[PDB]
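One structure below.
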Amino acid sequence: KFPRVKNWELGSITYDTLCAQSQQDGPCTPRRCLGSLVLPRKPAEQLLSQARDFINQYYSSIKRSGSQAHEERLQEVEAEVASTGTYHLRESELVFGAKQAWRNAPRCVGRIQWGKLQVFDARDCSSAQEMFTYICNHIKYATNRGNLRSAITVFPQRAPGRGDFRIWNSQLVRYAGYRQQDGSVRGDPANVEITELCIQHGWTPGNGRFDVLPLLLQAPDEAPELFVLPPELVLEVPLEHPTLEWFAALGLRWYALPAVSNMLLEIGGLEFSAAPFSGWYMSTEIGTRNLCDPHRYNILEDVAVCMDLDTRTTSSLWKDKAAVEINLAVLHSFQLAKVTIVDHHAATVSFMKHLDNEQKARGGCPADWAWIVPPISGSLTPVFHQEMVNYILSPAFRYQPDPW
Amino acid sequence: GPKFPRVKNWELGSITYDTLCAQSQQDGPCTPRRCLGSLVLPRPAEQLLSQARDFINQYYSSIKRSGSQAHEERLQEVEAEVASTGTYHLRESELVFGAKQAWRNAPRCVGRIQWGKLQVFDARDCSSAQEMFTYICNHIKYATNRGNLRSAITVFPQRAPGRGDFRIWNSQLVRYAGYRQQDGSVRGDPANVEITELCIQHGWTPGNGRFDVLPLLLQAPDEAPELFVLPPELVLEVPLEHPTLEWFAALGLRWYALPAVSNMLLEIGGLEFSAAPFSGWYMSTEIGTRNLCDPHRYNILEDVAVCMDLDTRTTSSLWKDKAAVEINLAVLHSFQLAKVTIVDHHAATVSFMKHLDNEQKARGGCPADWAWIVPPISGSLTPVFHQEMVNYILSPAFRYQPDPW
Ligand code: HEM
Ligand code: HEM
Ligand SMILES: Cc1cncn1-c1nccc(CCNCCCc2cccc(F)c2)n1
Ligand SMILES: Cc1cncn1-c1nccc(CCNCCCc2cccc(F)c2)n1
Ligand SMILES: C[C@H](O)[C@H](O)[C@H]1CNc2nc(N)[nH]c(=O)c2N1
Ligand SMILES: C[C@H](O)[C@H](O)[C@H]1CNc2nc(N)[nH]c(=O)c2N1
Ligand SMILES: [Zn+2]
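Chains as they are written, first to last, in the entry's author numbering: chain B, 69 to 110, 121 to 482; chain A, 67 to 109, 121 to 482.
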């Protein structure tokens, strides 16, 4: 029926009834659970039913369901689809839709903030150059001299029989990965492919471990264009450790603004192929995943040797000890630089509060346990002991294929 | 391409497909509309025979005699046995194969690399509570082997139609008492409050330490559970010290050497073994992180953090992370120093990756519960974190069963 949901630290029990509002299939079946997969394996009446549903959500949200404005707006959408095969959102609807998509993102531990989202309408964009302007303003607004603010910029929706607006980069700010033919990678190995694409479209590359990539922006059915971000827009933080004086000598640094730029935003059946969004980092993303993942910067050993740890055996927990100091360094360095950041304990604590708010407001909260639980110190955080139900609600952020 | 779940490792870039999940006969809790994978407990002669037939087929396949005369005869013999009695009985070597296959099939166990080397003690002749005690003692002695731990399971008589179950009431063969205090707090292990009060109701004279070993509550068919005290010499324990933090030994912490799950039901070919305790050896995080640091367990994080002089007033000091690491180190160090088998979370997950590759070759997949396979500290530091997994129920299986009270 409805999932009985238990917190094992407190003994408390809720029931998720919100999951019944799911109109889209995830990857699981009763025969096997596929909840740990990162990516999904893969007319007019369909659009119209998604359209009416969203419009209903919207007017419900402003406490005007049934109103004259509500019924009229349904007919507008209905008349537009019947004639054209599609329709258009009003800005206020778009602002709401973007917020709900964030709110519905089962993987996001930052959703306590969902009601506080600056939404830039960039639907009047006609060129890659214009996209760059918008993106530049997004970054300036979002960065705010280190007092980070959540923001999204929405570019023109997809249209039948026309190429998409796309930002080719996976993030607005990311470091290059230069493949040296001696097998290794200088920089971020996660970005080798995007770095190569940039070079091939005429970018002159560097040879550092932290070269900020240029943007590849694509207007419909046009080759993408290359744009170098003004260095004064890309706030970065030098990494140092509060006690380990040698740590700074590693030359490590990270950027302030995390901004996902390759996800698709779906509202009322409309799809926005370019809708980059930014918030602020939770520290483990940088300290654990970006810096310690074996397929990323992979600095664990370097730090562990500097700490004179025993790298010979697993049972000395050198990896665990190194990781902790690296995350400490990130938190310290960001705090010293007055750049917004949240540690995983604060983050998960606020998410629990969010789970509680959502239970009262909607009867549940879609959450992906494997992503909510931080990459270090799992059971040391409250979300570890909290059962979670995972499902797709719309509006939603989706993955979409790389445009190349 | 293929009509099977595609499984990816994101560290290595490699791809497999799970074909083994196609042999699953029992549904888990998920649907296309919502994933319940993170939930701890998710909610006739014909049914018996088809399950019996399945297991017999599995057995004969394993010894490469599928289709043989002996295979068809065993099939007919099981069928005729069920037809006259309503149940049937396993041959010893069938019981051995099934026990190992149940372990092999356990999606949550990171220790499955060892599945082939289980020692199976056949106790299907056991006819009393006193006798269960003897078998359990023998199990503990054999499995402990003075610190050089050996995997083992002891199998007691199956559920019989119109007969009471053999049940061990304790969740583990060795566990510490949890004494509810007048102030609302708990002396010992809070996990074990109920079982402690059940032992008292049944005549146990309770201690009052943080680490009092519980007596066993053993139940032979249609009889009241009887109380049995484990002789302390049989119960090997390890005092906890830290290799550089000299004060840690003064915390007076300890843990028992032998982990032995005693309240799970072993299901094979539709037969149900309601008492079949199994033991292995600990992965260090089980002790250092879960048992010692869980808020609702011993909860020693703050104490240790204070001893280390950390800033426990703010999350961003990572005082929890720091303490937790030192506690896990202490567990590993102490067990090594006492020469008691233990495996850290790195070694364990590496060995599990190897297991996954073995099983890919051997069966075309391996059912696995990501949330349980990933350790509770240092998650993405271990290789399994970056390994997608497919979770599904295969039989023979270990399954939860309601508490007998
Ligand atoms: C404001 C502070 C925020 C914090 C601290 C935060 C934190 C996180 C974290 C830790 C993840 C895990 C995924 C990963 O490891 O990359 C995540 C995922 C995600 N977040 Fe947030 N987030 C924030 C803001 C936002 C905003 C403003 C949006 C959109 C409007 C958003 C939407 C999403 C989505 C769609 C995912 C899933 C991405 C994927 O599946 O690859 N978050 N977030
Ligand atoms: C040999 C060394 C072994 C190691 C290191 C090991 C490790 C683990 C760990 C860490 C878990 C996580 C469950 C928890 O947190 O409580 C687990 C679960 C499990 N293990 Fe093992 N195990 C070993 C041997 C065995 C044996 C011999 C059996 C049975 C014959 C077994 C059957 C199971 C089962 C059924 C579960 C799931 C329990 C549940 O769902 O509550 N394991 N194992
Ligand atoms: C800006 C933001 C707000 N919330 C999270 N982020 C955020 N910031 C920075 C980075 C990310 C990563 C989001 N998930 C992306 C990784 C998932 C994958 C999907 C396909 C292929 C891959 F290699 C990896 N998220
Ligand atoms: C002996 C062994 C072999 N493999 C694992 N173990 C092992 N040893 C010692 C302990 C455990 C715990 C296994 N899972 C225990 C069940 C945890 C729960 C599940 C639901 C409700 C609860 F209160 C508690 N496993
Ligand atoms: C296989 C597994 O699902 C995958 O590695 C996930 C696990 N949890 C994660 N959690 C976060 N926050 N980010 C991630 O990229 C992942 N990766
Ligand atoms: C809520 C969550 O499912 C629960 O705490 C699970 C998560 N993973 C686990 N993993 C292991 N190994 N042991 C556990 O008890 C749990 N508990
Ligand atoms: Zn699932």
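The C-beta atom is built at its ideal place from N, Cα and C for all residues, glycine as well.
For A:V467, the residues of chain B that pass the 9 Å Cβ criterion are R100, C101, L102, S104 and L105, in the order they occur in the chain.
In terms of beta-carbon proximity, B:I140 stays away from the interface with chain A, with every pair separated by 8 Å or more. Counting C-beta pairs closer than 8 Å gives fewer than three between the segment 160-167 of chain B and the segment 379-387 of chain B, which falls short of the contact rule. Excluding five sequence positions before and after A:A407, the CB atoms of its chain that fall closer than 6 Å to its own CB belong to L317, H319 and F325, given in chain order. Annotation: Cβ neighbours of B:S393 in chain A (cutoff 9 Å, chain order): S361, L406, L409, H410, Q413, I419, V420, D421, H423 and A424. Secondary structure at A:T391: coil, using DSSP grouped into helix, strand and coil.
The continuous beta strand (DSSP E) containing B:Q296 extends over residues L293 to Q296. Beta-carbon to beta-carbon, B:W246 and B:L291 are separated by about 10 Å, too far to satisfy the 8 Å threshold. At a cut-off of 8 Å between beta-carbon atoms, B:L458 makes contact with chain A. Excluding residues up to 5 positions away in sequence, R264 and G265 lie with their Cβ nearer than 7 Å to the Cβ of A:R287 in the same chain. Taking the beta carbon of A:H432 as reference, no residue of chain B falls within 7 Å; the closest one sits roughly 17 Å away. Under the three-state reduction of DSSP, B:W332 is assigned to strand.
In this structure, the straight-line span from the alpha carbon of A:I364 to that of B:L307 is close to 50 Å. Counting only residues whose CB is nearer than 6 Å to a non-hydrogen atom of ligand 6, the list in chain order is B:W76, B:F462, B:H463, B:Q464, B:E465, A:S104, A:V106, A:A448 and A:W449.
Under the three-state reduction of DSSP, A:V197 is assigned to strand. Under a 10 Å Cβ-count criterion, B:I454 is classified as buried, with 16 or more other Cβ atoms of the shown protein chains found around its own Cβ. None of the residues of the segment 330-347 of chain A has a beta carbon lying less than 7 Å from any beta carbon of chain B.
Only residues of its own chain outside the window of five on either side were considered, and among them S472 have a CB closer than 7 Å to the CB of B:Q91, listed in chain order. Scanning chain B for C-beta atoms nearer than 9 Å to the C-beta of A:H373 yields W76, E77, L78, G79 and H463, reported in chain order. Using a Cβ distance threshold of 8 Å, B:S428 and B:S228 do not count as a contacting pair. By the rule that beta-carbons nearer than 8 Å mark a contact, A:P453 touches chain B.
Check the Cα spacing between A:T366 and each of B:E314, B:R201, B:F462 and B:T392: the tightest is with B:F462.
Among the bridge pairs identified by DSSP, B:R244 is matched with B:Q296. Straight-line spacing of the CA atoms in B:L409 and B:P336 works out to 15 Å. The C-beta separation of A:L342 from A:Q478 comes to about 4 Å, placing the pair in contact by the 8 Å criterion. By the criterion of a C-beta distance shorter than 8 Å, B:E300 is surrounded in its chain by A206 and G241, once the five residues flanking it on both sides are discounted. At least one CB atom of chain A sits nearer than 8 Å to the CB of B:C96. Using a Cβ-Cβ cut-off of 8 Å, A:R440 does not count as an interface residue toward chain B, since no Cβ of chain B sits closer than that to its own. Nearest Cα to B:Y136 within the set B:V159, B:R168, B:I419 and B:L126: B:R168.
Apart from the 5 residues on each side of it in sequence, B:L458 sits with its Cβ closer than 8 Å to the Cβ of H423 in its chain, given in chain order. Between A:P71 and chain B, the shortest Cβ-Cβ separation is below 8 Å. When secondary structure is reduced to three states using DSSP, B:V251 falls in the coil class, being assigned neither helix nor strand. Here B:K431 carries a helix assignment [DSSP, helix/strand/coil]. Straight-line measurement puts the Cα of B:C101 at about 22 Å from the Cα of B:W76. When rounded, the separation of the alpha-carbon atoms in A:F174 and B:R130 is 58 Å. The beta carbon of A:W358 does not come within 8 Å of any beta carbon belonging to chain B, so the residue lies off that interface.
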